[PDB]
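Structure at a glance
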Amino acid sequence: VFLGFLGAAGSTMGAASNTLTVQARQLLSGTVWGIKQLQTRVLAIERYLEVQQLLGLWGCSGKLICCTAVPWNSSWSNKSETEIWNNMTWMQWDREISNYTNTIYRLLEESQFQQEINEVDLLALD
Amino acid sequence: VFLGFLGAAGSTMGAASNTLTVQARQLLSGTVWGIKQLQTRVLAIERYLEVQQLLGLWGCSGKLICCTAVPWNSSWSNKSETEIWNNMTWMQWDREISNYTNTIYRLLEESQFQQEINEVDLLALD
Amino acid sequence: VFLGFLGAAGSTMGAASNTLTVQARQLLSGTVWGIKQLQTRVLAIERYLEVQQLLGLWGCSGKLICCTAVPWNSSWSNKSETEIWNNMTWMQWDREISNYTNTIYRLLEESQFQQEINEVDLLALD
Amino acid sequence: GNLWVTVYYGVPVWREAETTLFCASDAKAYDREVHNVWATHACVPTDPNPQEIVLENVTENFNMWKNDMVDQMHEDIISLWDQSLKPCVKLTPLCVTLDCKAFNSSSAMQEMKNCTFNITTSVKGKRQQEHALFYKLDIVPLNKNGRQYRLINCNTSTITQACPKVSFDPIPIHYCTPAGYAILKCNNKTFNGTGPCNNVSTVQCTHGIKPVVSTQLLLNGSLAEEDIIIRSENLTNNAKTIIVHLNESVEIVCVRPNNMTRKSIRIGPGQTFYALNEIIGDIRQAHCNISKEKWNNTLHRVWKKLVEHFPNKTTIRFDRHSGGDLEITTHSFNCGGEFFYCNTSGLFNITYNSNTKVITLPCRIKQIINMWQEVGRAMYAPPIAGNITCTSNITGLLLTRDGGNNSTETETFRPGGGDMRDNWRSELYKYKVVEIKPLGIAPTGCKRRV
Amino acid sequence: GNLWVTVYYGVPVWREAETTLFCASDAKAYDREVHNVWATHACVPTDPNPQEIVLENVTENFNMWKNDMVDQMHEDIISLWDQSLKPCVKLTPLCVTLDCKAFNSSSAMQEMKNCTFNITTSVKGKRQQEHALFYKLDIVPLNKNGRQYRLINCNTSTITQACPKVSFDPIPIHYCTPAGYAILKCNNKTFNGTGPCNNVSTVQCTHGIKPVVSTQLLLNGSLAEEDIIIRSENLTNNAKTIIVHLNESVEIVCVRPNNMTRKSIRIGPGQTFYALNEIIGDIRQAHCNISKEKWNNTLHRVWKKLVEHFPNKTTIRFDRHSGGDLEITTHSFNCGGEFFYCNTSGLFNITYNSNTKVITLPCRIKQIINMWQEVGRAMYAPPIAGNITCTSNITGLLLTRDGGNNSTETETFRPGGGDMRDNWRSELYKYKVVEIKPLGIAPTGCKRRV
Amino acid sequence: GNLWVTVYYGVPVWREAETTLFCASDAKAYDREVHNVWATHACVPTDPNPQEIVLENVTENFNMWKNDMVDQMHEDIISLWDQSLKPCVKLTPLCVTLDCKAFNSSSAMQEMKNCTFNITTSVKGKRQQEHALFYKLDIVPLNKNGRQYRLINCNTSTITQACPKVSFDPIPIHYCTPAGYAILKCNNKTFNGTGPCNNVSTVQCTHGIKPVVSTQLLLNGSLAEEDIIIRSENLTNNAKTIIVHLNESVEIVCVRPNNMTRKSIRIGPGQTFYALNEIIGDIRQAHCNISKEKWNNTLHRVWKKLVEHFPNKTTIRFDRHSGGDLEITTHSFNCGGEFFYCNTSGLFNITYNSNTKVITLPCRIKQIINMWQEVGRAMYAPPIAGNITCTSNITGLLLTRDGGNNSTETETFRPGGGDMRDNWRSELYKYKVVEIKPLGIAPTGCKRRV
Ligand SMILES: *[C@@H]1O[C@H](CO)[C@@H](O[C@@H]2O[C@H](CO)[C@@H](O[C@@H]3O[C@H](CO[C@H]4O[C@H](CO)[C@@H](O)[C@H](O)[C@@H]4O)[C@@H](O)[C@H](O[C@H]4O[C@H](CO)[C@@H](O)[C@H](O)[C@@H]4O[C@H]4O[C@H](CO)[C@@H](O)[C@H](O)[C@@H]4O)[C@@H]3O)[C@H](O)[C@H]2NC(C)=O)[C@H](O)[C@H]1NC(C)=O
Ligand SMILES: *[C@@H]1O[C@H](CO)[C@@H](O[C@@H]2O[C@H](CO)[C@@H](O[C@@H]3O[C@H](CO[C@H]4O[C@H](CO)[C@@H](O)[C@H](O)[C@@H]4O)[C@@H](O)[C@H](O[C@H]4O[C@H](CO)[C@@H](O)[C@H](O)[C@@H]4O[C@H]4O[C@H](CO)[C@@H](O)[C@H](O)[C@@H]4O)[C@@H]3O)[C@H](O)[C@H]2NC(C)=O)[C@H](O)[C@H]1NC(C)=O
Ligand SMILES: *[C@@H]1O[C@H](CO)[C@@H](O[C@@H]2O[C@H](CO)[C@@H](O[C@@H]3O[C@H](CO[C@H]4O[C@H](CO)[C@@H](O)[C@H](O)[C@@H]4O)[C@@H](O)[C@H](O[C@H]4O[C@H](CO)[C@@H](O)[C@H](O)[C@@H]4O[C@H]4O[C@H](CO)[C@@H](O)[C@H](O)[C@@H]4O)[C@@H]3O)[C@H](O)[C@H]2NC(C)=O)[C@H](O)[C@H]1NC(C)=O
Ligand SMILES: *[C@@H]1O[C@H](CO)[C@@H](O[C@@H]2O[C@H](CO)[C@@H](O)[C@H](O)[C@H]2NC(C)=O)[C@H](O)[C@H]1NC(C)=O
Ligand SMILES: *[C@@H]1O[C@H](CO)[C@@H](O[C@@H]2O[C@H](CO)[C@@H](O)[C@H](O)[C@H]2NC(C)=O)[C@H](O)[C@H]1NC(C)=O
Ligand SMILES: *[C@@H]1O[C@H](CO)[C@@H](O[C@@H]2O[C@H](CO)[C@@H](O)[C@H](O)[C@H]2NC(C)=O)[C@H](O)[C@H]1NC(C)=O
Ligand SMILES: *[C@@H]1O[C@H](CO)[C@@H](O)[C@H](O)[C@H]1NC(C)=O
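Parameters at a glance
Residues numbered from 1 in each chain as written, not as in the entry; some residues may be left out. Chains lettered and ligands numbered in written order. Heavy atoms only, no water. Salt bridge = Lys/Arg side-chain N within 4 Å of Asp/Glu carboxyl O. Buried < 20%, exposed > 50% of the residue type's maximum accessible area, 1.4 Å probe, protein only. Near = heavy atom within 4 Å. Polar contact = N/O pair within 3.5 Å; in protein donor to acceptor, adjacent residues only side chain to side chain. Areas by Shrake-Rupley, 256 points an atom, 1.4 Å probe, with all protein chains shown as cover. Nonpolar A, V, L, I, M, F, W, Y, C, P; charged D, E, K, R; others polar. Disulfide = S-S within 2.5 Å. Helix = DSSP H or I, 4+ residues; strand = E, 2+ residues; numbered from the N terminus. Least-squares fit on C-alpha atoms. Contact = heavy atoms within 4.5 Å. Buried area = accessible area lost by both parts, 1.4 Å probe.

As recorded in the PDB header, cryo-EM is the method behind this entry, and the stated resolution is 3.94 Å.

1. Let's talk about the pattern of salt bridges
Between side chains of opposite charge, pairing is possible as soon as their charged atoms come close. Scanning the entire structure with this criterion turns up 60 salt bridges over all chains. With its nearest N and O atoms 3.2 Å apart, the salt bridge here joins E:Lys366 to E:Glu327. When its relative accessible area of 11% is taken as the criterion, E:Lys366 is described as buried. Within this structure, D:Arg317, D:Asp319, D:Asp402 and D:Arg414 form a network of salt bridges that share partners.

2. Examining the site of ligand 4
Residue and element names in this part refer to chain D. The environment of ligand 4 is formed by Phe 103, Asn 114, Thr 116, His 131 and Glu 278. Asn 114 is positioned with one of its side-chain polar atoms (N or O) 2.3 Å from an oxygen atom of ligand 4. Contacts to ligand 4 include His 131, whose side-chain N or O atom sits 3.5 Å from an oxygen atom. Compared with its free state, where it exposes 580 Å², ligand 4 has 35% of that area covered by protein. Grouping the amino acids of the shell around ligand 4 by side-chain chemistry returns one nonpolar, three polar and one charged.

3. Considering the state of the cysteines
All names here are of chain F. For the structure on display, the rule yields 33 disulfides over all chains. There is a disulfide in this structure between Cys 176 and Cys 205, and the S-S distance comes to 2.0 Å. Its S-S torsion of about 110° marks the bond between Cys 176 and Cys 205 as right-handed, since a negative value means left-handed. In this pair, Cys 176 sits in strand β13 (residues 174–176) while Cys 205 sits in the loop between β16 (200–203) and β17 (218–219), placing the two residues 29 residues apart along the sequence. The class for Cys 176 is buried, based on a relative accessible area of 4%.

4. Section: the site of ligand 1
All names here are of chain D. Around ligand 1, the surrounding shell holds 13 residues, and the nearest of these are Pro 164, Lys 165, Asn 220, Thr 391 and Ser 392. A distance of 3.5 Å is found between an oxygen atom of ligand 1 and a side-chain nitrogen or oxygen belonging to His 35. Within the backbone of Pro 164, one N or O atom sits 2.9 Å away from an oxygen atom of ligand 1. Within the complex, the protein chains bury 42% of what would otherwise be the 1300 Å² of accessible surface of ligand 1. If you tally residues by element for the shell around ligand 1, the top one is strand β30 (residues 386–401), at four residues.

5. Concerning the relation of the copies chain C and chain B
Overlay of chain C on chain B (RMSD 0.0 Å): rotation 121°, translation along the axis 0.0 Å. The transformation just described matches what one would write down for a three-fold rotation axis.

6. What about the arrangement of the chains?
At no point do chain A and chain E touch; the closest pair of C-alpha atoms across them sits 14 Å apart. Chain B shows no contact with chain F. Their nearest C-alpha atoms sit 14 Å apart.

7. Quick notes on the interface of chain E and chain B
Many authors give the size of an interface as the accessible area that is lost as the parts come together. Contacts between the two partners involve 40 residues from chain E and, on the opposite side, 51 residues from chain B. Between chain E and chain B, the buried area comes to about 4600 Å², and carbon and sulfur atoms account for 67% of it. When the buried area of chain E at its contact with chain B is split by residue, E:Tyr9, E:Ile441 and E:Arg448 rank highest and sum to 19% of it. A salt bridge links E:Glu435 to B:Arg47; the shortest N-O distance between them is 3.0 Å. Here chain E is connected to chain B by 15 residue pairs in polar contact. Elements represented by at least two residues in the side of chain E that touches chain B include exactly β1 (4–8), β2 (14–16), β5 (52–55), α1 (71–85), β14 (181–186), β32 (431–436) and β33 (440–444) of chain E. The greatest single-element share of the side of chain E that touches chain B, amounting to five residues, is contributed by β1(E).

Listed below in structure tokens is the structure:
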């Protein structure tokens, strides 16, 4: 069955991992009044551009979800996989990991840069 | 010999598969009058952004042309490959497959999502 | 130690190959006055879009730096690798290769298109 | 055993944020009828078959008091009034001494004045004396003998006359978010305006909202589905307004019965001013009519609901407004382009112990208007020939509690208002604006390659 | 054997669409000469060496009648006229009674009037009587004795005088698409305006188009390369206009021969109005000159072309316009800033059976202008001292057929116009706007990996 | 052995380019005080803790003479003046003949005039005679007997009075680049304005710059850190201005000592004009005060610095300005909303061979202002009641050399100016605008796969 915009928000995150595309297509969809419509369209497009660049800087551009090589830290969360992916919603999960979004992000850029320059060094001798 | 903008439109599609780059570079090239130039530039950039996202959602971002895993349906067209790629223009081909653009598109998003989540599940046990 | 915006400009290019990300995040960061802020934001975003498309057309979209298959020509520079990567700054290097930016660029688009259509032809018989 | 960071794009997760939205009018508003005050060419056609998506197992904390897109609504409606105000005629030469006499009204005493004054002719160096009909409220005496008069706003600002083609009919307006934003709607029919809402939905655009300008009463608004709803930011704080939402409307019929005549006077080149000529027939006061039993049942219902949020053995008194300007003390609203100011003492003239007749009330007419309580920006209302009848629905009430000394076992309420923002708050209570944060992080057993 | 979907980006495929474009003027228009009506700071410099790319083996169906960027051209030229109209002087005080007397013109009877009137001086409380020269057309009598007069637009609107630095010279304008759009040009020299075009090209910008304002004739336009072209949306429908395109121009020389004088009068603070003083020398009517043999050969050519699209044994009559306002009935155009209205009865005074002399025609001058058939928006034309000569090229004709009862073996044509959109349609016939849809799908034997 | 092209994104490489930037005011400027001429709602709050990044081992060639964002600064400040000028009152009726008499000033001769004139009353058909106080400079005689007078700009344009709430206080303004651009700052304390700079930094926004309007002197500007700096595009070219930057400021105290009174006169509906009433107390000339020893040491320092860039055995003469308009010949500046024009002959009255007293100078007051040397755009300055004192810092000088015939062993310098762009050039000397070109190419031994 088709699920609409934000329809899996109350669902468990394991079921909600099947409906990313609707949010993806919604994210760009569309004198003085002309100025405000124009500015808010500009705001939406540069927000999408910033999000896409943040995806690209982690080596995950053009993919809906993407795996990396950062090991997960138990200090962020010691929860088991099953409770996260069969009982845990996305809202309160974001509330939980809101303290460590920045640390996880910086570890992501650093791991991507290190792996990619390791690939460059490996192919340099090839 | 260099071919200009839309120069291979009347050509067969097999020869026209060599001049995608000119259209690619043309696709973004550039009080009240200022408002109209501004809005039409915004229109061009968000059209390009929507096209690039539609390319990214099929696992074909950053590539000029890209292959997928959707099998071709004979209900769309029972034509042979040779007549398509040595006698058939792009204009009337788009006219032919205009009925099934949406079905082919949805099969594309669905195949990309299924293959990519299969890759995620395969690497999950790794 | 963290290095700020353009902090490795005076550095050698080998050390400066570690701080591309700061410029990457800086490249989009942000009635009549409203018109000028709006237009200059539009100018910044379409400049970034043109740069990203030029990266995509070389088969290097979504990566910080990327290798290609164009062989290096000694007519552009006969300098050794060690002097370039341990004594040579980016500024005067750009001044040196400013004569051949366009030739190197066109060789890049041509090599990307040829390799990618060779991949298409190779997978055509598969 | 080991786990890895996994990046998720398109996650259904939102956060509270404040942002601007855009307007959307119906397509039938574009079928001519562009001569309306709220007729906006920027308001895009409403999206046919809008999508409302129910978010099951979702609980969100709505709060309509510090809600955004309410000050934005006020700024938008003020800007629309001003933009309609600009291309019309400004009455600079009408600040001239008037000789006003009382109206005999033979076959409303002192309410009608016959005022004669000098107007500039087609030649700027010539003046001609001409008469007009004026009200007592929109004119003020220059002196104490009651002979020389002047306009009320003459030493304040310059009035701008409404263009006669423009119509003051409210039209529905849909508010739509840009990309990356969403509007959440609380489907709970017993929602009191603040706190958690069990049944949540999302919409791209809100329902059509008519910007009705009124005080002490709400006209042509939405209705509660189940019960009478009392909304207050702090019920124990008497300084905060109280919004009462009814589950059934009350029919109100407001009529100006007199037969008017419109006279077009050439003031300057391309400047035509519309004045009131002699009244055809008898002269009678305007009035509004309310069914007695329906209003009595309404007051009993709202009294029973107000019993719950207070001590039970406390008598409740209804009283008229204490005093102030005529805009707040009386029910001021629009009716066919003519602005009515109706005395509301009768509807708030009852006290309740802890244990086909029609109420008819007087109304007055003002032509010099200072709306949104603005000073220095004034509006002249052109008259409308003939008689005027408006039938509308009472769907909400605005009440204010007075400060009782200790616990005297009595609480009195008087009709209030003044803040038109509250007029948009009774229709935007169920809607909130959220920002999408589609990036997400999750630990998974998947590991990327090298 | 099996096939797979393959996604193609950058495909040369277009579709019919309607969109807005932008203007581009030449760089030499920016070398001073900003004092022009169509001088636009937003029009970017024209791209040097524009690229026209021939699309071989391409057939497209052009149609210039329901074509877009024609109403857009009309809106742009109207907005440019209004924007040039705003910063100049509005003649509110000139609506004053004039004592006008006939001109003796001793060593054009009743065409020249000496009108004396009171003008406000440097002091607003003082008036001074002053005279001016006026035409018969731009003044109207107040009464039947022919003594008191008034301006024609006095009871309609207020005129705005053109600023004297601004010049009414048409300049070429290039229309350019934004990104993702294209303009297709039909290179077929015998194209009749609608249907397929075998030879197609694409351009980023159109050729420079001078916005020439004229009726019954087309001035300084493009020329057909091979033969006379008849363009009509429906030839059998007499209610639709007919555009005739010549392969060779006709020289037209229009001269105002009188010697004028310009008098600057201080109306108000910073307000200067330019009036016509006494005429130096003799007074003679303005006229335009056409070679008799060239026009006769032109009429024979267009008659022979019009024979084809009708029954062959049908005589064709040319007649002047039936009647209406002076703007449509006569050739109205611009010549050195002065607006000419030239009688065109001579050029349409010949019938043709089925089997160094110069034609000279009269012209009149109007100073109160209502262009684009607008009501309430009027223009005053300042005079130009001395004499005026304009030599231009006749490159097109606008004709209208009358309804003949059954088949009387005769069809008559009269010069028409009125719609300036047609004036842009004879220059935008070969250009159309298309939208790129670069995404494409193709079956191929290539399969992606896992 | 073989090498391959490698594409690099985000390279720290810039190029010289010209682009527009945006303004940013401090957050404390938004805490009320919106009634200021440079108070701009578009100027975003200044970024807290701005980042200045030192670029070690970087040499860049600055040049502030053909620098951009200086004409842009002039256009921005002109547009801000005009935008503040629009919503205020235009004095059209004040162009009326004045009967002006001399002031006895009993218990500044001919500087004060008592002028009586007719003003329009509340009725447009009535006039009343009223008096005002005016200066000698802002009035001109109509005739040679010295009885009838008129405003200076009466036959030029119409003045617009500054709104009294608006304050002429300069405020700091930060200039910030958009994305993809950068501002480079030269940290070299001995930088002379052009050439290489060894110590370079980058900033997102410049430091706060007060747009001080002055000539012959620079007020409240930045100071050199080490030594007196002489800046010239071409020192041998006498036609180019010379900017002198001091390492220590000079205290200047400018006082209008008289006690004024402001009278509000109703000119038209909603139009109030503020005039000068009778002076309370004695009448004395305004003056500015400079310490004698500090100025003498300053002149000796700048003479010693000017010795270096010229032949050593050359005497140097300081002289006052040769002549011209009062705006350039005297020090014109703002002081408490009143515009001062101060004679500067004393400070340039010394020659130097090759081997607690206070200087006090006169000042005059003008109310009709033509700033940026504009013609047709004029400003009326409302008076300020009471006395006015402004204490400021002298931080720069503007000098001009005269053409000496051959080598006469003497060079004379006079105070100049006139170009307010130079006023922004002494504060924007260290800042330049560069464009990022993040794409880069490098040969590396890395090869991509197939
Ligand atoms: C709460 O909601 C109720 C229910 O809608 C509403 O009551 C109704 O209000 C409307 C709007 O004011 C009233 O309609 C007006 O009525 C008269 C004449 O119309 C009558 O006759 C026709 C023909 O039978 C009927 O269709 C109609 O229902 C009425 O019986 C006029 O004042 C108005 O017509 C003008 O405005 C229209 C705008 O849509 C135009 O289409 C129309 O051509 C008229 O415009 C002309 O006149 C204007 C005035 O000079 C001028 O500005 C224009 O340029 C043009 O010349 C309008 O149709 C209706 O009668 C009310 N119904 C009842 C039962 O009383 C309440 O008003 C509302 N309450 C609040 C507070 O908003
Ligand atoms: C179809 O196309 C033809 C061919 O171009 C065209 O005929 C020509 O029209 C132009 C434009 O109206 C005419 O040129 C004008 O002529 C006079 C004086 O110029 C004559 O003398 C000079 C010196 O020898 C020659 O170069 C020139 O060719 C003429 O012989 C003036 O009316 C005009 O000059 C003003 O406008 C210029 C704009 O470019 C300015 O550069 C110039 O300084 C003048 O401006 C001054 O006066 C204006 C009026 O007061 C004022 O507004 C300005 O601020 C400023 O003070 C202009 O040069 C030319 O003579 C025509 N040629 C012939 C053979 O008749 C048709 O008009 C055209 N048809 C249609 C319908 O558009
Ligand atoms: C170089 O820099 C120096 C140092 O800052 C500067 O000298 C000072 O200039 C300022 C600005 O002109 C002067 O301040 C003005 O002073 C008086 C009264 O203020 C005095 O008293 C208070 C109370 O003790 C003190 O805080 C203050 O320092 C002064 O001693 C007034 O003219 C001004 O006040 C008005 O403007 C303020 C704007 O911020 C408002 O906040 C204030 O409410 C006043 O506004 C009211 O009046 C205005 C005039 O009618 C009207 O427009 C408003 O709407 C409102 O009604 C202001 O505070 C200060 O005295 C100077 N200092 C000295 C020692 O002389 C130089 O001017 C500067 N040089 C140049 C060339 O720019
Ligand atoms: C209001 O006053 C005006 C006077 O200004 C009255 O108009 C006059 O009516 C009489 C009687 O028909 C005429 O003879 C006059 O010529 C009218 N004067 C003007 C200026 O029109 C008017 O009748 C009064 N209104 C009423 C209802 O009595
Ligand atoms: C048009 O009429 C005016 C009168 O308003 C004539 O101007 C007068 O000319 C005579 C003869 O030179 C002078 O004595 C008067 O002083 C003029 N009056 C003004 C007001 O200027 C003018 O001559 C007439 N035009 C012609 C061609 O006869
Ligand atoms: C400037 O001139 C005016 C006259 O216009 C003087 O004002 C008069 O002052 C006298 C003496 O008090 C009064 O009797 C008059 O009524 C005043 N006239 C007006 C129009 O106000 C004024 O005093 C003069 N100023 C000075 C300083 O002498
Ligand atoms: C018009 O007459 C004046 C008289 O001063 C003369 O200078 C001028 O040349 C004449 N103009 C023409 C076009 O004959």
